[PDB]
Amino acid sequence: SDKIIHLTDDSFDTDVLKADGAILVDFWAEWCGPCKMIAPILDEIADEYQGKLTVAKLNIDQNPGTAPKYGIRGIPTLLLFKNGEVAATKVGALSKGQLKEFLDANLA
C-alpha cells in the first residue's frame, strides 16, 4: 500500500482532476469483500506501472460525497481519469491479467 494515494472528498479535485498523467481511482469500503480481494492486485499494478500511472483509493464510508457525483452504484468500481475526465470505468472484481488488459486499452 505504500504507492497508493489516499484521497478524500476535499482533496479529489487537487489530486485527481488536476493530475498529470493517468490516475486509476479505486472506490472501496472495509466491509466489501471483493474490494479486499483486489487490493493486492492494485499494489502489483502500482509497482508495474510506476511512472506511467498513479493509483489512488477513496474509502466511501469515510468520504461519502464523491461516489454519487460519478454515478457509482456498487463497489469495487475503478475509474481511470485522464486530463480531468473519466476515460474508462470497470465495475466489480477482476484478475491482474484483466486489469492489465483494461489499462493497456486505455493508456495507448
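Numbers follow the displayed sequence, beginning with 1.
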Exercise for the section: Would you determine, from the values in the PDB entry, which of 65 to 73 and 41 to 49 has the greater average C-alpha temperature factor? Expected result: 65 to 73
Exercise for the section: Compare the mean C-alpha B-factor of 19 to 27 with that of 96 to 104 as given in the PDB entry, and name the stretch with the higher value. Expected result: 96 to 104
Practice task
Sorting the chain's modelled residues by C-alpha B-factor, tell me whether residue 82 ends up in the lowest, middle or highest third.
Solution key: middle
Practice task
Among all modelled residues of this chain, ranked by Cα B factor, put residue 56 in the bottom, middle or top third, i.e. lowest, middle or highest.
Solution key: lowest
